[PDB]
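Asker: Please find one structure pasted underneath; my questions will follow.
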Amino acid sequence: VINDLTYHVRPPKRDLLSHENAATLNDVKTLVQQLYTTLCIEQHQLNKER
Amino acid sequence: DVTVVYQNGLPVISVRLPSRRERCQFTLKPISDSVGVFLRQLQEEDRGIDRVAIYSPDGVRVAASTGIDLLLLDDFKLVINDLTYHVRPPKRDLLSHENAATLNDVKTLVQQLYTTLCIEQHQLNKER
Amino acid sequence: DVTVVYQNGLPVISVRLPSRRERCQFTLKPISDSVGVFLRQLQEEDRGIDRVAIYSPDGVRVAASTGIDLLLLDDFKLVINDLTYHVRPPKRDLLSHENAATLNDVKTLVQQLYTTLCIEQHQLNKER
Amino acid sequence: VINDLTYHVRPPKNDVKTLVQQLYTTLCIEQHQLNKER
Amino acid sequence: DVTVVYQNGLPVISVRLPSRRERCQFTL
Amino acid sequence: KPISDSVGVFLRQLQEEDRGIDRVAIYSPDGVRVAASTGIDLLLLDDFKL
């Protein structure tokens with residue numbers, strides 16, 4: 001969107017990833033993030049440096 | 001009407017804005033961001049917000065020092081200038097109270113993804 | 001009226017703050033956080049706080065760059081402009097004797113998973 | 001671009017798989033090291 | 001819904017504002 | 001001073017007199033907002049929701 005001109009723009013789409021594998025990999029990412037938040041890794045991490 | 005969905009590992013929160021009354025979305029890193037950065041991002045994207053603040057649902061205000069993902073374990077009340085929004089889709093999933101079973105889930109997904117890509121052939125192709 | 005709560009092994013200090021008379025809670029760190037920036041963010045959350053100070057009740061000022069874990073054992077006296085608050089830290093239980101190796105194995109393994117995930121966009125960042 | 005003339009200046013001079021392979025070996029370092037120690 | 005009325009010699013225009021959706025007035 | 005000051009000058013003085021204030025306004029006896037450049041004497045004709 002520019003001044004009153006809705007240029008609808010698309011990229012030349014390259015997927016290079018299946019949908020089910022994307023869902024599994026997203027689950028892996030979010031699950032590691034939730035566990036990092038859950039058991040408070042960075043506290044233990046700075047505790048080793050201390 | 002505030003939602004949040006995990007697209008590709010990042011939480012994508014989507015929110016209604018006062019000026020121009022368009023819903024806007026915000027993709028934010030759970031680790032490199034505090035809520036103060038998020039409120040800067042709200043008042044930076046659209047300057048029609050006089051006051052914004054995040055309320056934990058006990059009425060207590062979540063100040064601008066906490067982590068995003070620390071706040072994403074709970075649902076919470078978002079206050080734009082007058083409209084409040086108790087936002088509760090953050091998809092609280094860690095009800096197991098067992099960390100080892102979640103790591104079993106981790107290696108289950110990893111072995112599944114290892115198998116479905118036939119990646120050992122790619123590794124031998126790299127060495128070849 | 002100010003309480004200190006352990007959430008996820010982290011101290012949460014909820015404060016009855018000035019003019020917008022609310023509870024504002026602070027998610028802190030024992031080690032990386034210190035008094036000199038805790039008071040900075042407390043001054044950040046309400047600009048109208050003129051004089052803020054903190055000390056163990058026999059002391060007159062606990063020092064700047066005091067470790068918060070040193071303060072998480074003693075009854076500090078929190079000082080705001082009109083208000084004083086001497087309050088206590090809660091008790092921190094531990095199972096670091098027989099679940100120690102198991103939980104630290106889990107901590108090490110999930111940190112290795114996290115540095116597997118996050119390192120790719122950090123290599124390029126450090127290269128830039 | 002100058003007002004008239006044109007310099008063709010000549011100066012002299014997958015990604016998911018690597019991540020999931022590092023992730024796969026991250027699950028199976030410790031038992032492999034404990035076996036290789038013996 | 002914009003109006004303007006002459007209060008004491010000055011035009012007092014009153015207008016709706018997007019943020020907070022309160023009508024505001026302007027004496028000019 | 002009603003002969004020299006506008007609403008915005010009074011509100012910036014009320015703003016700087018504290019620091020813990022962020023939102024200030026002067027409303028009508030009705031719900032509408034008196035602007036910044038309005039003269040004080042026009043505001044002191046009647047009451048107002050501060």
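Ordered as shown in the structure tokens, chains take letters A, B, and onward, while each chain numbers its residues from 1 and ligands are numbered from 1 in the order shown.
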Write down as a PyMOL selection string the residues belonging to chain C that are assigned strand (DSSP E or B) by DSSP computed on the backbone.
Answerer: chain C and resi 3-7+10-16+23-27+34+53-55+67+77-79+84-86
Asker: Residues of chain F within 7 Å of chain C, counting only C-alpha atoms - could you list those as a list in words?
Answerer: residues 18, 19 and 20 of chain F
Asker: Residues of chain B classed as helix (DSSP H, G or I) by DSSP on the backbone are to be reported as a ChimeraX atom specification.
Answerer: /B:19-21,35-45,68-72,99-116,119-127
Asker: State the Cα RMSD (Å, one decimal) obtained when chain C is least-squares superposed onto chain B, all Cα atoms paired in order.
Answerer: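 C-alpha RMSD, chain C fitted to chain B: 6.5 Å.
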Asker: Any chance you could tabulate, as JSON lines, the residues of chain C at most 10 Å from chain A with each one's nearest atom pair and distance in Å to one decimal, using only C-alpha atoms, in chain and rising number order?
Answerer:
```
{"residue": "C:8", "atom": "CA", "partner": "A:40", "partner_atom": "CA", "distance": 6.8}
{"residue": "C:9", "atom": "CA", "partner": "A:40", "partner_atom": "CA", "distance": 7.3}
{"residue": "C:10", "atom": "CA", "partner": "A:40", "partner_atom": "CA", "distance": 8.5}
{"residue": "C:29", "atom": "CA", "partner": "A:43", "partner_atom": "CA", "distance": 7.6}
{"residue": "C:30", "atom": "CA", "partner": "A:43", "partner_atom": "CA", "distance": 8.3}
{"residue": "C:31", "atom": "CA", "partner": "A:46", "partner_atom": "CA", "distance": 7.3}
{"residue": "C:32", "atom": "CA", "partner": "A:46", "partner_atom": "CA", "distance": 7.5}
{"residue": "C:103", "atom": "CA", "partner": "A:39", "partner_atom": "CA", "distance": 9.3}
{"residue": "C:104", "atom": "CA", "partner": "A:44", "partner_atom": "CA", "distance": 8.7}
{"residue": "C:106", "atom": "CA", "partner": "A:39", "partner_atom": "CA", "distance": 9.2}
{"residue": "C:107", "atom": "CA", "partner": "A:41", "partner_atom": "CA", "distance": 6.2}
{"residue": "C:108", "atom": "CA", "partner": "A:41", "partner_atom": "CA", "distance": 8.3}
{"residue": "C:110", "atom": "CA", "partner": "A:36", "partner_atom": "CA", "distance": 7.0}
{"residue": "C:111", "atom": "CA", "partner": "A:41", "partner_atom": "CA", "distance": 6.7}
{"residue": "C:113", "atom": "CA", "partner": "A:32", "partner_atom": "CA", "distance": 7.2}
{"residue": "C:114", "atom": "CA", "partner": "A:32", "partner_atom": "CA", "distance": 6.7}
{"residue": "C:117", "atom": "CA", "partner": "A:29", "partner_atom": "CA", "distance": 7.5}
{"residue": "C:118", "atom": "CA", "partner": "A:29", "partner_atom": "CA", "distance": 9.8}
```
Asker: Report the distance between CA of residue 97 in chain B and CA of residue 73 in chain C in Å, rounded to one decimal place.
Answerer: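 The value is 28.4 Å.
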Asker: Tell me the residues of chain E close to chain B, meaning within 8 Å using only C-alpha atoms, as a PyMOL selection string.
Answerer: chain E and resi 18-20
Asker: Could you list, as a ChimeraX atom specification, every residue of chain C that has an atom within 6 Å of an atom of chain B, counting only C-alpha atoms?
Answerer: /C:23-25,27
Asker: Residues at most 9 Å from range 8-20 of chain A, counting only C-alpha atoms, excluding those fewer than 5 positions away in the same chain, as a VMD selection string?
Answerer: (chain A and resid 1 25) or (chain D and resid 14 16)
Asker: Counting only C-alpha atoms, figure out which residue out of F:21, F:35, F:42, F:14 gets nearest to residue 8 in chain E.
Answerer: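 Checking each of F:21, F:35, F:42, F:14 against residue 8 in chain E, counting only C-alpha atoms, the winner is F:42.
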Asker: Can you work out the spacing between CA of residue 105 in chain B and CA of residue 72 in chain B in Å, to one decimal?
Answerer: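 The value is 21.1 Å.
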Asker: Do you have the CA of residue 95 in chain B-CA of residue 75 in chain B distance handy?
Answerer: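 Separation of CA of residue 95 in chain B and CA of residue 75 in chain B: 14.7 Å.
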Asker: For a quick test of understanding: name the residues of chain D lying within 12 Å of chain A when counting only C-alpha atoms, and present them as a ChimeraX atom specification.
Answerer: /D:14-17,19-20,23-24
Asker: Taking N, CA and C atoms for each residue, export the selection above as an mmCIF file, in the first residue's frame.
Answerer:
```cif
data_model
loop_
_atom_site.group_PDB
_atom_site.id
_atom_site.type_symbol
_atom_site.label_atom_id
_atom_site.label_comp_id
_atom_site.auth_asym_id
_atom_site.auth_seq_id
_atom_site.Cartn_x
_atom_site.Cartn_y
_atom_site.Cartn_z
ATOM 1 N N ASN D 14 17.876 -28.374 2.341
ATOM 2 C CA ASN D 14 19.260 -27.931 2.442
ATOM 3 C C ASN D 14 19.571 -27.332 3.797
ATOM 4 N N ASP D 15 19.244 -26.046 3.919
ATOM 5 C CA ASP D 15 19.444 -25.321 5.166
ATOM 6 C C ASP D 15 18.606 -25.893 6.299
ATOM 7 N N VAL D 16 17.448 -26.471 5.982
ATOM 8 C CA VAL D 16 16.673 -27.169 6.998
ATOM 9 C C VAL D 16 17.362 -28.471 7.367
ATOM 10 N N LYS D 17 18.010 -29.105 6.390
ATOM 11 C CA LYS D 17 18.602 -30.413 6.610
ATOM 12 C C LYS D 17 19.814 -30.332 7.521
ATOM 13 N N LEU D 19 20.356 -28.100 9.863
ATOM 14 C CA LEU D 19 19.851 -27.806 11.197
ATOM 15 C C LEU D 19 19.268 -29.049 11.849
ATOM 16 N N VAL D 20 18.492 -29.829 11.096
ATOM 17 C CA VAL D 20 17.901 -31.002 11.718
ATOM 18 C C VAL D 20 18.934 -32.107 11.885
ATOM 19 N N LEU D 23 20.477 -31.175 15.037
ATOM 20 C CA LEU D 23 19.509 -31.475 16.079
ATOM 21 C C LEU D 23 19.466 -32.967 16.375
ATOM 22 N N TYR D 24 19.615 -33.786 15.335
ATOM 23 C CA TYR D 24 19.593 -35.230 15.496
ATOM 24 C C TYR D 24 20.818 -35.706 16.236
#
```
